[PDB]
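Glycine gets a Cβ as well: all are built from the backbone with ideal geometry, and neighbour counts include every protein chain shown. Each value in this text was obtained by applying a stated rule to the coordinates, not by laboratory testing.
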Amino acid sequence: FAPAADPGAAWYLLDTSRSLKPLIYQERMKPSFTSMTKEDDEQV
Amino acid sequence: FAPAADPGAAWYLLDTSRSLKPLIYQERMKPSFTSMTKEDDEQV
Amino acid sequence: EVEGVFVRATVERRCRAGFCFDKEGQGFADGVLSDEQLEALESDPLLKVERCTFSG
Amino acid sequence: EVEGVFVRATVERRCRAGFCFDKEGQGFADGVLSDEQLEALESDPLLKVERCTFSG
Amino acid sequence: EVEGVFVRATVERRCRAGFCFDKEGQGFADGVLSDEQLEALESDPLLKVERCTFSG
Amino acid sequence: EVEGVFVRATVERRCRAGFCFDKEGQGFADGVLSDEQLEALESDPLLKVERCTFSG
Amino acid sequence: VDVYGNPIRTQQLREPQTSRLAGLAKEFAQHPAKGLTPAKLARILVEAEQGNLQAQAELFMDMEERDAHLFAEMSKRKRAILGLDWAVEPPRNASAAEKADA
Amino acid sequence: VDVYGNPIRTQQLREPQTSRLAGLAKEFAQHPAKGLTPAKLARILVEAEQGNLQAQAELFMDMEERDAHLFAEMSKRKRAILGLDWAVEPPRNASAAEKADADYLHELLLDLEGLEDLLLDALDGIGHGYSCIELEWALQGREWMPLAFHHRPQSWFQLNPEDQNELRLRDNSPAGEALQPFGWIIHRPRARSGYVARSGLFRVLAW
Amino acid sequence: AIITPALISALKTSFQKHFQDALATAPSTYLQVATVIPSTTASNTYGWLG
């Protein structure tokens, strides 16, 4: 169906990930974007 | 002439106001926005 | 009335005939009818929005 | 030259025949003439503003 | 897929014959041909620019 | 469904032709329509009551 | 109650206020000092005046880290305080109970 | 238990935590100082801020080795501490039992070989921002003893993805491994207020 | 009773938050079958000498 046999104790781990940058939070609060003065009262 | 005789003595007064949000000042004086991008340094 | 059209300069998700294109500016924001389908209609306002009431 | 057009395919307030509309992008910034009426025509860019001088 | 498109009626410098005037042509962020001519033709936009997925 | 009829052959007010007699078991308790007229219709039972839902 | 008179409820003391804001703990500084110009600095300060203290705080942290002279001066100033002996004294002409509390 | 309250189990004290990580002991420093440009240094610092302390630690080691003035200053600063006489004192208005405990601890520290090396290894945290020394626990009958103190390179650790102030071993997993209680002496001097990554003096001295 | 049971409907209702975020994501699993190797650019040219 969807199998995979991998080692875990080796110096390398299969399918290695890459957390290049953290989970930075991007926000649209108030007088920081135009969505809220020259637009509706929208925030993303 | 649209006058309004009012008792203003009962538990409530006529044309009662509803203060939801104060007069928070909104400003656009920084290059942060696209008003200064698309226009000649127009602050709002 | 139409409180907001949510149309100007923005294009939303429109799933029709099995292909969900983006056009016709069908944005809306109200609780009149087809509220459940409002999510599908507003599923992709990819572009910047600029509301303007039609006073419908 | 033209100091500015501020069109973005939107006028500020083009009011004719007793009704005020928003279209035709007739935004100007100059005191050549009709400054008093230029206040009424201008002074209401509801949508975004894009200035592209026509060098007229 | 090609990433790079300009579909906001935006202005770009396209040179026809002895002059460079507003027009929308290639308008892509990827190049494989006409790079030297694209540079003159692909001058980044003057006005609002928004990108889409042509997937052509 | 009518969750209460409040009839029990009670003398419900029916103000018709300037006189408020009791014609039939017009007892009802719901927020469907004519609440303002429901005030006149279901003001004075004047007799013993017992609700038996009609599941309408 | 507190010194300011605000009512004090011991129920809320069991957990930190920021515990229910797990989003904050995952943030990373944006390092606004890199590529900083006088115009950018003026904008940062003006925005901070208006309630956007995040950029100002990050800029101050970068400024502290990237300047050796400023860092040395601030560290010396703070270490001056850190080396002072301290004591707790009772109020003016305090009573026996107040002395015991102190 | 420990000071932090974490449960303490004497079973895990027989073997060092890193014994089951034989991969670490075979690594060699990458020497990131060679061919270093301001852009590379900025990238190294930013990546270290995000939990990649290996490159930062190796760069700091190279910086210490390759600069004679900086090395002399740091050595003088550390030798200042290494020459101070020390004593163990009982708590405020301690009782006879507490005084006896303090006296026994003082006698044990006096007769414990390798104290100076432990202090020197701990003082590395001044420049590196954190120093970890692994403990070897042995039983000479009924009394536990620190057999030896092992200083592990700062390149062997990382930051917890869910906590920027908590260090963890590099065990090939994204989350690393939590530090064993009673298995380490972690020294983290605080010159500046902030997270552990930004707390090193070499971060100030790099430019 | 109330002659306008529809108007009092909002009066007689109540809101309780129990379904709000009454769910969680599946437990983290990439740690077991993957290792993070963070970089600082838009590529990674791995290299080894066999």
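In table form, for the structure just shown:
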{"quantity": "Backbone HN-Hα couplings from phi across the stretch C:24-31 [Karplus 6.51/-1.76/1.60, Hz, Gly and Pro as x]", "calculated": "6, x, 8, x, 7, 8, 6, x"}
{"quantity": "Ranked E:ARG8, B:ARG18, F:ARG14, criterion: other C-beta atoms within 10 Å, fewest first", "calculated": "B:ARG18, F:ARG14, E:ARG8"}
{"quantity": "Gaussian network model of chain H, springs between alpha carbon atoms under 10 Å - residue of H:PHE182, H:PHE28, H:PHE60 with greatest fluctuation", "calculated": "H:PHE28"}
{"quantity": "3J(HN,Hα) from dihedral phi, the stretch E:48-53, Karplus parametrisation 6.51/-1.76/1.60, rounded to Hz, x for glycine, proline", "calculated": "4, 10, 9, 9, 9, 10"}
{"quantity": "Sorted by Cβ density within 10 Å, fewest first, the residues H:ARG142, H:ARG66", "calculated": "H:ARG142, H:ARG66"}
{"quantity": "Per-residue mean of C-beta atoms belonging to partner chains within 10 Å, peptide B:27-34", "calculated": "6"}
{"quantity": "Unpaired by the 4.7 Å Cβ criterion, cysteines found in chain E", "calculated": "E:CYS52"}
{"quantity": "Debye intensity ratio I(q)/I(0), log10, chain C, q values 0.18, 0.21, 0.22, 0.25 Å⁻¹ (C-alpha model)", "calculated": "-0.56, -0.75, -0.81, -1.00"}
{"quantity": "All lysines inside 20 Å of G:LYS78 as judged from Cα atoms, apart from same-chain residues fewer than 8 positions distant", "calculated": "none"}
{"quantity": "Inter-centroid distance (Cα atoms) of chain C relative to the stretch H:72-125, Å", "calculated": "72"}
{"quantity": "Rg/Rh ratio calculated on Cα atoms of the stretch G:1-86 (Kirkwood radius)", "calculated": "1.10"}
{"quantity": "For E:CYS52, residues with placed amide H under 5 Å, excluding near neighbours", "calculated": "E:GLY4, E:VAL5"}
{"quantity": "Hull-based mean projected area of chain H, where the convex hull spans the alpha carbons, in square nanometres", "calculated": "14.1"}
{"quantity": "Debye log10 I(q)/I(0) for chain B, one point scatterer per Cα, at q = 0.18, 0.27 Å⁻¹", "calculated": "-0.68, -0.93"}
{"quantity": "For the stretch H:1-15 versus the stretch H:145-207, the gap between their alpha-carbon centres in whole angstrom", "calculated": "19"}
{"quantity": "Relative intensity, log₁₀ I(q)/I(0), of chain I from a Debye sum that treats every alpha carbon as a point, q = 0.31 Å⁻¹", "calculated": "-1.15"}
{"quantity": "Selection from H:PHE60, H:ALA102, H:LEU84 lying farthest towards where the dipole of the stretch H:2-152 points positive, charges on Cβ", "calculated": "H:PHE60"}
{"quantity": "Kyte-Doolittle mean at least -0.5, axial Cα span of 15 Å or more - DSSP H helices of chain G", "calculated": "G:38-49, G:68-82"}
{"quantity": "10 Å Cβ neighbours from other chains, averaged over peptide G:22-34", "calculated": "4"}
{"quantity": "Residue order, fewest to most surrounding Cβ atoms within 10 angstrom, among C:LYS48, A:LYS21", "calculated": "A:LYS21, C:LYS48"}
{"quantity": "Cα pair distances of the protein assembly as shown binned at 20 Å [whole percent]", "calculated": "10, 30, 31, 21, 8, 1"}
{"quantity": "22 Å Cα-Cα threshold exceeded, pairs from G:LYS76/H:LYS76; A:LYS30/B:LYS21; G:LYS99/H:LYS99; G:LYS34/H:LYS40", "calculated": "G:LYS99/H:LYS99"}
{"quantity": "Cα-based equivalent ellipsoid of the stretch H:106-207: semi-axis lengths in Å, sorted from largest, via gyration tensor", "calculated": "27, 18, 10"}
